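What follows is a set of notes on a single structure, which appears directly below.
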Amino acid sequence: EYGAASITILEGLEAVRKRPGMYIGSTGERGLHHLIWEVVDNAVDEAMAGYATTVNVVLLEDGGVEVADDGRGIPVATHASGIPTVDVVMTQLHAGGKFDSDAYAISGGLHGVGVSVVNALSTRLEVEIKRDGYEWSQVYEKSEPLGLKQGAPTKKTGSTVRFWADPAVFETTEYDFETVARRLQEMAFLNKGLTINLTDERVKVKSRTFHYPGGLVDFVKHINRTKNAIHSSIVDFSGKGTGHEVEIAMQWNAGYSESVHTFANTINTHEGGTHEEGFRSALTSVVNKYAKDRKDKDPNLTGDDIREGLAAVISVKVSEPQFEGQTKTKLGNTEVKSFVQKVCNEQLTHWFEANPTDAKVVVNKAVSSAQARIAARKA
Amino acid sequence: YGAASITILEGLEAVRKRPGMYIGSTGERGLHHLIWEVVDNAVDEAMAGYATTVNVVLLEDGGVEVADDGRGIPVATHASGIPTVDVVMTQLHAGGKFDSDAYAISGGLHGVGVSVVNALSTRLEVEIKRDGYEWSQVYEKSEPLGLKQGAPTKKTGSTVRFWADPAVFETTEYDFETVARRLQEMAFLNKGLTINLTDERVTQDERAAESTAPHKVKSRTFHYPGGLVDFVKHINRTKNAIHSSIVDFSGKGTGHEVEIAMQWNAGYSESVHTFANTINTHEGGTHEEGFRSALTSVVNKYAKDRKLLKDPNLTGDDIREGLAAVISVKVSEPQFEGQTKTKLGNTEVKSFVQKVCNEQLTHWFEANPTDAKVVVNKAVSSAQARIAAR
Ligand SMILES: Nc1ncnc2c1ncn2[C@@H]1O[C@H](COP(=O)(O)OP(=O)(O)NP(=O)(O)O)[C@@H](O)[C@H]1O
Ligand SMILES: Nc1ncnc2c1ncn2[C@@H]1O[C@H](COP(=O)(O)OP(=O)(O)NP(=O)(O)O)[C@@H](O)[C@H]1O
Ligand SMILES: [Mg+2]
Ligand SMILES: [Mg+2]
């Protein structure tokens, strides 16, 4: 019979180990790599806040991942739930300091689930925290804490998370260096002044330094390095509104491909959302309202043909975000659709006028790319 | 910053704080997700073979009635010392889908579904028929208002009535057509299942006879014995048929079942619909990727054998061109990207779907050379059309 005894309540991390796909999105390489993002995105939130200026990540030999920061560190002192804050953050879901714009103003994190999930789907988790004028060591064996130990009193501040992914959870436990390198480089572009270092101590040692003072501009310079830029200038505009900011940097390449990267609080919203679509709505209307004003191909230009051969970065800095899942693939802030739309619309028009040479080259590009579609459609 | 700067959200409080995590967005999708998490549950009872009918009413006031003739949400006092209805409704990771006992194949697996609805609903009323009684329990701003044992009954089932909190959603008007298409697929995926949809807001389902005629309410009845085959007909109802014989094949194994129905149209758009335990895995997944790669490989070695190519390269993205296909898996232990269950991640399912498609597709292509050659030729023209772009 189906009744009272059939229904069961899972105790937090039990839910993560049972259904990892809800928090990690998959048990495959994508989900494996997601444990690094939870830990690094957390460290980078401290740099978004400004308390950290350096984040070092290590792909350890054994299988571990070491992520350090010169931030404030994970609160150590006794939490209101009894157990010290470190343990709360590491073992309990919806236990975070990103539920308000107090501790962290603009942050990638928001659910209070990230590093707790890492702790769940990890065999071991070690944390080093230099805070409250002292160093701290706490070890998590199979998610369970071994006890909080206090070390040497240091003036320096920050946290160092280390984690060994559970192979019983994950098919592959070996990370991809280029996947890590790529993502960390983006976080460096999206956070001017920040330095990310990645070393691969796997069996000489592979290491990268990621510091881009040119921010989003160097990001496009990077995307259009291999593939010839059609124009010299790089559109670089930044709008700021009520609990949301937006920096947009873009340039068109001589290729026939879309290279439009979208971010929200550094976090890679690679399914876009209401910041991508807000940028898309403005870019389609601006280029069309410029093409119509200048010079013709009677139907309207598609966004997909306007964006064909475009390297574009859309980075939004929102106070109260609305992310798709723990994965954070899509942005849902309805308000941010119209916020990016307006900033994008006024500033895009302002670039077109100011740069008539580049404008002519990119609109002719949108026309020739559109004419090619109708031409192919005829077959 | 410190210990005081850390808060712990108590289940439903977290859903209300971060709705997107669970429902995706507080826009159309998320509002519609609410109805899905409630209907998904009824379909689970239908999949378990207890419920034969799901009724979903979109009420004038904005609420949603969801009635089923399943077993009914457990009413008896739970181990936690509270009615099991209460647990199911007010607690996350609380459910009967963690093991395969109560439900063999079910969309639900996280135990978050119907509790999220309650969290994002200003009112959720519940009527359960089980244990020889009609049980009622009202949830006002998530909080239960008392379980009532009413009229005796031999009849069984659940009736969930929620009211999405306008404080959460950008808009609260549900789109009937969004609802009709989603409930429709559920009836294609489940052969013996009948889903009734009725919109109490809309009134449409000589002129003198039309006035005197009783006042109808907008209604649809979804029952499809033709299953996936009648689903492939539905997709190609507005697309010209290139081959008559609809592809229909099954595949049962270790901890999964796979049903494929596919037919090619004159179109240039890929209409490949994938489902894991009736859930719309519209962001693809292992089953789709397993099918894609098997379909690429089958078509290629057929074209190589028949000398229909043998000479360049036949990508899957040009084989699926103008393909109406439905990939429905019944996985005992499913994997999903988040509460929205957008992508099916079961690695073993990929290889399983690959081999089932590999053997049965070849079997179909060999059995029907009249239909087979016309498909390969459509992939031939729609390959030159690809290279035309270059
Ligand atoms: N490296 C760190 N330095 C300082 N504070 C940290 C660090 N890592 C985690 N925290 C704190 O611990 C909390 C919990 O982390 P986490 O579990 O990732 O949830 P979250 O960051 O609030 N949101 P989310 O990332 O969406 O799950 C955070 O809110 C931070 O306040
Ligand atoms: N209409 C119903 N009839 C009988 N039992 C139900 C019904 N709806 C929900 N339940 C029970 O309540 C439990 C919890 O529901 P729910 O919150 O939607 O999570 P879930 O069904 O386990 N799955 P999920 O959608 O992944 O969160 C289910 O597992 C069922 O056992
Ligand atoms: Mg985080
Ligand atoms: Mg469910």
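Scheme for the structure tokens: letters A, B, ... for chains in order shown; per-chain residue numbers from 1; ligand numbers from 1 in order shown.
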message: ligand 3: which residues are within 10 Å, counting only C-alpha atoms and all ligand atoms? Reply as a PyMOL selection string.
response: chain A and resi 37-45+96-98+107-116+267+326
Output N, CA, C and O atoms of each residue in that selection to a file, as a short mmCIF file (atom, residue, chain, number, x, y, z; two decimals), in the first residue's frame.
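Once everything was written out, this is part_37.cif:
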```
data_model
loop_
_atom_site.label_atom_id
_atom_site.label_comp_id
_atom_site.auth_asym_id
_atom_site.auth_seq_id
_atom_site.Cartn_x
_atom_site.Cartn_y
_atom_site.Cartn_z
N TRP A 37 33.38 25.80 -10.13
CA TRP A 37 32.68 27.08 -10.25
C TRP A 37 32.03 27.52 -8.98
O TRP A 37 32.12 28.69 -8.66
N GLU A 38 31.45 26.60 -8.19
CA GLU A 38 30.84 26.98 -6.92
C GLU A 38 31.85 27.62 -5.96
O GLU A 38 31.57 28.66 -5.37
N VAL A 39 33.05 27.02 -5.88
CA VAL A 39 34.14 27.41 -5.00
C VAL A 39 34.86 28.70 -5.46
O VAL A 39 35.15 29.56 -4.62
N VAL A 40 35.12 28.83 -6.80
CA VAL A 40 35.78 29.98 -7.42
C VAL A 40 34.83 31.15 -7.50
O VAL A 40 35.24 32.27 -7.18
N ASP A 41 33.56 30.91 -7.91
CA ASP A 41 32.53 31.97 -7.97
C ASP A 41 32.34 32.60 -6.60
O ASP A 41 32.19 33.81 -6.53
N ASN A 42 32.46 31.79 -5.53
CA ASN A 42 32.39 32.21 -4.13
C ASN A 42 33.56 33.11 -3.78
O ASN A 42 33.35 34.17 -3.19
N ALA A 43 34.78 32.68 -4.14
CA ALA A 43 36.02 33.44 -3.90
C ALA A 43 35.97 34.80 -4.66
O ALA A 43 36.25 35.85 -4.08
N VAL A 44 35.52 34.76 -5.93
CA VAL A 44 35.37 35.91 -6.80
C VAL A 44 34.31 36.90 -6.29
O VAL A 44 34.43 38.09 -6.55
N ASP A 45 33.30 36.41 -5.51
CA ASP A 45 32.27 37.27 -4.91
C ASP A 45 32.91 38.21 -3.88
O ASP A 45 32.45 39.35 -3.72
N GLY A 96 23.55 30.96 3.89
CA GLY A 96 24.42 31.91 3.21
C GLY A 96 24.28 33.34 3.68
O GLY A 96 23.37 33.68 4.45
N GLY A 97 25.24 34.15 3.23
CA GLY A 97 25.34 35.58 3.51
C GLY A 97 25.06 36.40 2.28
O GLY A 97 25.43 37.58 2.21
N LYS A 98 24.40 35.77 1.29
CA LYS A 98 24.04 36.40 0.02
C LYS A 98 22.50 36.50 -0.14
O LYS A 98 21.98 36.63 -1.26
N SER A 107 26.77 39.98 -6.08
CA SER A 107 27.44 38.69 -6.02
C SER A 107 26.81 37.64 -6.92
O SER A 107 25.60 37.65 -7.16
N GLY A 108 27.65 36.73 -7.41
CA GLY A 108 27.24 35.60 -8.24
C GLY A 108 26.40 34.64 -7.43
O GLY A 108 25.34 34.19 -7.89
N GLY A 109 26.83 34.38 -6.21
CA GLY A 109 26.10 33.53 -5.28
C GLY A 109 24.83 34.19 -4.79
O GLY A 109 24.73 35.42 -4.80
N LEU A 110 23.83 33.38 -4.39
CA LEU A 110 22.53 33.89 -3.89
C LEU A 110 21.67 32.83 -3.21
O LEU A 110 20.84 33.19 -2.39
N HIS A 111 21.87 31.55 -3.54
CA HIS A 111 21.04 30.46 -3.04
C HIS A 111 21.42 29.89 -1.68
O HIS A 111 20.56 29.33 -1.02
N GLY A 112 22.68 30.03 -1.30
CA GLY A 112 23.18 29.47 -0.05
C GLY A 112 23.30 27.97 -0.14
O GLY A 112 23.11 27.26 0.85
N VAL A 113 23.66 27.45 -1.34
CA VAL A 113 23.68 26.02 -1.62
C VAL A 113 25.07 25.47 -2.16
O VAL A 113 25.47 24.34 -1.85
N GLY A 114 25.75 26.32 -2.92
CA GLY A 114 27.03 26.05 -3.57
C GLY A 114 28.09 25.19 -2.91
O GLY A 114 28.30 24.05 -3.32
N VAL A 115 28.81 25.75 -1.95
CA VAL A 115 29.91 25.02 -1.32
C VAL A 115 29.39 23.84 -0.42
O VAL A 115 30.14 22.89 -0.15
N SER A 116 28.09 23.90 -0.03
CA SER A 116 27.43 22.83 0.74
C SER A 116 27.26 21.60 -0.17
O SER A 116 27.45 20.47 0.27
N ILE A 267 29.09 35.45 -13.14
CA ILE A 267 28.51 34.16 -13.46
C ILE A 267 28.11 34.05 -14.93
O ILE A 267 27.52 34.97 -15.49
N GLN A 326 20.65 26.29 -9.73
CA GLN A 326 21.94 26.45 -9.03
C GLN A 326 23.02 26.56 -10.09
O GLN A 326 24.07 27.16 -9.86
#
```
message: Please identify the alpha helix (DSSP H) residues within segment 181-210 of chain B (assignment by DSSP from backbone atoms) and present them as a ChimeraX atom specification.
response: /B:181-189,207-210
Grab the residues selected above and save them as a compact mmCIF listing (two decimals), in the first residue's frame with C-alpha atoms.
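File out.txt, as written:
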```txt
# COMPACT_ATOMS: atom_id res chain seq x y z
CA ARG B 181 -0.03 21.71 -25.57
CA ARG B 182 1.80 20.52 -22.39
CA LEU B 183 -1.18 18.46 -21.15
CA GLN B 184 -1.64 17.19 -24.70
CA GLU B 185 1.88 15.68 -24.90
CA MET B 186 1.26 14.02 -21.48
CA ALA B 187 -1.72 12.14 -23.08
CA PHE B 188 0.48 11.09 -26.08
CA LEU B 189 3.20 9.81 -23.71
CA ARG B 207 -27.30 32.93 -34.24
CA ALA B 208 -30.70 32.49 -32.45
CA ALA B 209 -29.97 28.76 -31.78
CA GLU B 210 -26.46 29.74 -30.47
```
field: Nearest-residue call for chain A, choices B:37, B:173, B:127, B:333, using only C-alpha atoms
entry: B:333
Using only C-alpha atoms, select each residue of chain A with any atom at most 8 Å away from an atom of chain B, and give the selection as a CSV table (one decimal) with N, CA, C and O atoms, in the first residue's frame.
```
chain,number,residue,atom,x,y,z
A,1,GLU,N,0.8,-1.2,0.0
A,1,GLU,CA,0.0,0.0,0.0
A,1,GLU,C,0.8,1.3,0.0
A,1,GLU,O,2.0,1.3,0.5
A,2,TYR,N,0.3,2.4,-0.6
A,2,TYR,CA,0.9,3.7,-0.7
A,2,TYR,C,0.3,4.6,0.3
A,2,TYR,O,-0.9,4.8,0.2
A,3,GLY,N,1.0,5.1,1.3
A,3,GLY,CA,0.5,5.9,2.3
A,3,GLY,C,1.6,6.6,3.1
A,3,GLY,O,2.8,6.8,2.6
A,4,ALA,N,1.3,7.0,4.4
A,4,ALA,CA,2.1,7.7,5.3
A,4,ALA,C,3.6,7.3,5.3
A,4,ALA,O,4.5,8.1,5.2
A,5,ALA,N,3.9,6.0,5.4
A,5,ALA,CA,5.3,5.4,5.5
A,5,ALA,C,6.0,5.5,4.1
A,5,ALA,O,7.3,5.4,4.1
A,6,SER,N,5.3,5.7,3.0
A,6,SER,CA,5.9,5.8,1.7
A,6,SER,C,6.7,7.1,1.4
A,6,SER,O,7.5,7.2,0.5
A,7,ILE,N,6.3,8.2,2.1
A,7,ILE,CA,6.8,9.6,2.0
A,7,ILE,C,7.9,9.7,3.0
A,7,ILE,O,7.8,9.3,4.1
A,8,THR,N,9.0,10.3,2.5
A,8,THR,CA,10.3,10.4,3.3
A,8,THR,C,10.9,11.8,3.1
A,8,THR,O,10.9,12.4,2.0
A,9,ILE,N,11.5,12.3,4.2
A,9,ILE,CA,12.2,13.6,4.3
A,9,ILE,C,13.7,13.4,4.3
A,9,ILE,O,14.2,12.8,5.3
A,10,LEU,N,14.4,13.9,3.3
A,10,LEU,CA,15.8,13.9,3.2
A,10,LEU,C,16.5,15.1,4.0
A,10,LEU,O,15.9,16.2,4.0
A,11,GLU,N,17.6,14.8,4.7
A,11,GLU,CA,18.2,15.8,5.6
A,11,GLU,C,19.3,16.6,4.9
A,11,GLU,O,20.5,16.3,5.0
A,12,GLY,N,18.9,17.6,4.1
A,12,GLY,CA,19.8,18.5,3.4
A,12,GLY,C,20.7,17.9,2.4
A,12,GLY,O,20.4,17.8,1.2
A,15,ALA,N,19.8,15.1,0.1
A,15,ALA,CA,19.1,15.5,-1.1
A,15,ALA,C,20.1,15.8,-2.2
A,15,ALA,O,19.7,15.5,-3.4
A,18,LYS,N,21.6,12.3,-3.3
A,18,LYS,CA,20.5,11.5,-4.0
A,18,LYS,C,20.3,12.0,-5.4
A,18,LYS,O,20.3,11.3,-6.4
A,19,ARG,N,20.0,13.3,-5.5
A,19,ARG,CA,19.7,14.0,-6.8
A,19,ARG,C,20.7,15.1,-7.1
A,19,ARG,O,20.3,16.3,-7.2
A,21,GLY,N,22.0,16.2,-9.8
A,21,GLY,CA,21.5,16.9,-11.0
A,21,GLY,C,20.6,18.1,-10.7
A,21,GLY,O,20.5,19.0,-11.6
A,22,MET,N,20.1,18.3,-9.5
A,22,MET,CA,19.3,19.4,-9.2
A,22,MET,C,20.2,20.6,-8.8
A,22,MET,O,19.9,21.8,-9.1
A,23,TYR,N,21.4,20.3,-8.3
A,23,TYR,CA,22.4,21.4,-7.9
A,23,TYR,C,23.6,21.5,-8.7
A,23,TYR,O,24.3,22.6,-8.8
A,24,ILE,N,24.0,20.4,-9.4
A,24,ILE,CA,25.2,20.3,-10.2
A,24,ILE,C,24.9,20.2,-11.7
A,24,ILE,O,25.8,20.3,-12.5
A,25,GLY,N,23.6,20.0,-12.0
A,25,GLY,CA,23.1,19.9,-13.3
A,25,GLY,C,23.4,18.6,-14.1
A,25,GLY,O,22.7,18.3,-15.1
A,26,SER,N,24.4,17.8,-13.7
A,26,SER,CA,24.8,16.5,-14.3
A,26,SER,C,25.9,15.8,-13.4
A,26,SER,O,26.5,16.5,-12.6
A,27,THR,N,26.1,14.5,-13.7
A,27,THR,CA,27.2,13.8,-13.0
A,27,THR,C,28.4,13.7,-13.9
A,27,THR,O,29.5,13.3,-13.5
A,28,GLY,N,28.3,14.2,-15.1
A,28,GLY,CA,29.3,14.2,-16.2
A,28,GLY,C,30.4,15.2,-16.0
A,28,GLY,O,30.5,15.8,-14.9
A,74,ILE,N,35.7,32.7,5.3
A,74,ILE,CA,34.4,32.2,5.8
A,74,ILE,C,34.3,32.4,7.3
A,74,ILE,O,35.2,32.1,8.0
A,75,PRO,N,33.2,33.1,7.7
A,75,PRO,CA,33.0,33.3,9.2
A,75,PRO,C,33.3,32.1,10.0
A,75,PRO,O,32.8,31.0,9.7
A,76,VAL,N,34.1,32.2,11.1
A,76,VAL,CA,34.4,31.1,11.9
A,76,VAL,C,33.6,31.0,13.2
A,76,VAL,O,33.1,29.9,13.5
A,77,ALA,N,33.6,32.1,14.0
A,77,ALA,CA,32.9,32.2,15.3
A,77,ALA,C,31.4,31.6,15.3
A,77,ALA,O,30.7,31.8,14.3
A,78,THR,N,31.1,31.0,16.5
A,78,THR,CA,29.8,30.3,16.8
A,78,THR,C,28.6,31.0,16.1
A,78,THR,O,28.3,32.2,16.3
A,79,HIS,N,27.9,30.2,15.3
A,79,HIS,CA,26.7,30.7,14.6
A,79,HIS,C,25.5,30.4,15.5
A,79,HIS,O,25.5,29.6,16.3
A,80,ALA,N,24.4,31.2,15.2
A,80,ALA,CA,23.1,31.2,15.9
A,80,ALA,C,22.4,29.8,15.9
A,80,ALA,O,21.5,29.6,16.7
A,85,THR,N,30.0,28.9,12.2
A,85,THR,CA,29.6,29.4,10.9
A,85,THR,C,30.1,28.5,9.7
A,85,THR,O,29.4,28.2,8.8
A,92,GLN,N,24.9,22.9,5.4
A,92,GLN,CA,23.5,23.2,5.3
A,92,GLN,C,23.1,23.9,4.1
A,92,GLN,O,23.8,24.9,3.7
A,93,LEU,N,22.0,23.5,3.4
A,93,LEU,CA,21.5,24.2,2.2
A,93,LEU,C,20.8,25.5,2.7
A,93,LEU,O,20.3,25.5,3.8
A,94,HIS,N,20.7,26.5,1.8
A,94,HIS,CA,20.1,27.8,2.1
A,94,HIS,C,20.7,28.5,3.4
A,94,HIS,O,20.0,29.2,4.1
A,95,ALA,N,21.9,28.3,3.6
A,95,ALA,CA,22.7,28.8,4.6
A,95,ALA,C,23.8,29.7,3.9
A,95,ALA,O,24.8,29.1,3.4
A,96,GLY,N,23.5,31.0,3.9
A,96,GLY,CA,24.4,31.9,3.2
A,96,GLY,C,24.3,33.3,3.7
A,96,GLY,O,23.4,33.7,4.4
A,97,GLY,N,25.2,34.2,3.2
A,97,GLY,CA,25.3,35.6,3.5
A,97,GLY,C,25.1,36.4,2.3
A,97,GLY,O,25.4,37.6,2.2
A,99,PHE,N,21.8,36.5,1.0
A,99,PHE,CA,20.3,36.6,1.1
A,99,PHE,C,19.9,38.1,1.2
A,99,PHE,O,18.7,38.4,1.1
A,102,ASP,N,23.9,43.1,2.2
A,102,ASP,CA,24.7,43.6,3.3
A,102,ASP,C,26.2,43.3,3.2
A,102,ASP,O,27.0,44.2,2.9
A,103,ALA,N,26.6,42.0,3.5
A,103,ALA,CA,27.9,41.5,3.4
A,103,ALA,C,28.5,41.6,2.0
A,103,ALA,O,29.7,42.1,1.9
A,110,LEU,N,23.8,33.4,-4.4
A,110,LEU,CA,22.5,33.9,-3.9
A,110,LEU,C,21.7,32.8,-3.2
A,110,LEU,O,20.8,33.2,-2.4
A,111,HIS,N,21.9,31.6,-3.5
A,111,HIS,CA,21.0,30.5,-3.0
A,111,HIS,C,21.4,29.9,-1.7
A,111,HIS,O,20.6,29.3,-1.0
A,322,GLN,N,18.0,36.9,-10.2
A,322,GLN,CA,17.0,35.8,-10.5
A,322,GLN,C,17.7,34.9,-11.4
A,322,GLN,O,17.7,35.1,-12.6
A,323,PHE,N,18.4,33.9,-10.9
A,323,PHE,CA,19.0,32.8,-11.6
A,323,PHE,C,18.1,31.6,-11.8
A,323,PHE,O,17.3,31.3,-11.0
A,324,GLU,N,18.2,31.0,-13.0
A,324,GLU,CA,17.5,29.8,-13.5
A,324,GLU,C,17.5,28.6,-12.6
A,324,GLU,O,16.5,28.0,-12.3
A,325,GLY,N,18.7,28.2,-12.1
A,325,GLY,CA,18.8,27.1,-11.2
A,325,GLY,C,20.1,27.3,-10.3
A,325,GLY,O,20.5,28.5,-10.3
A,326,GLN,N,20.7,26.3,-9.7
A,326,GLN,CA,21.9,26.4,-9.0
A,326,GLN,C,23.0,26.6,-10.1
A,326,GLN,O,24.1,27.2,-9.9
A,327,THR,N,22.7,26.0,-11.3
A,327,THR,CA,23.6,26.0,-12.5
A,327,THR,C,23.8,27.4,-12.9
A,327,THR,O,24.9,27.8,-13.3
A,332,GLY,N,16.7,35.7,-15.2
A,332,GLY,CA,15.2,35.9,-15.3
A,332,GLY,C,14.7,37.3,-14.9
A,332,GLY,O,13.5,37.5,-15.1
A,333,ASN,N,15.6,38.1,-14.4
A,333,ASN,CA,15.3,39.5,-14.0
A,333,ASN,C,14.6,40.3,-15.1
A,333,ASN,O,15.2,40.9,-15.9
A,334,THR,N,13.2,40.2,-15.1
A,334,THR,CA,12.4,40.9,-16.1
A,334,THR,C,12.7,42.4,-16.2
A,334,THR,O,12.7,42.9,-17.3
A,372,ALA,N,22.3,36.9,-48.0
A,372,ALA,CA,22.7,35.6,-48.1
A,372,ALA,C,21.7,34.5,-47.6
A,372,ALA,O,21.7,33.4,-48.1
A,376,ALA,N,19.9,31.8,-50.0
A,376,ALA,CA,19.9,30.3,-49.6
A,376,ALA,C,18.5,29.8,-49.5
A,376,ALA,O,18.2,28.6,-49.9
A,379,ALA,N,16.6,28.1,-52.5
A,379,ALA,CA,16.9,26.8,-52.9
A,379,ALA,C,15.9,25.8,-52.2
A,379,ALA,O,14.7,25.7,-52.7
```
message: Just want the 7 Å neighbourhood of residue 299 of chain B, counted on only C-alpha atoms, with same-chain residues fewer than 4 positions away dropped. Output as a VMD selection string.
response: chain B and resid 295 303 376
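The closest residue to ligand 1, picked from A:287, A:106, A:117, A:181 and counting only C-alpha atoms and all ligand atoms, is A:117.
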message: Set the distance at 12 Å and use only C-alpha atoms: which residues neighbour residue 309 of chain B once local chain neighbours fewer than 2 positions away are removed? I'd like the list as a count of residues only.
response: 21
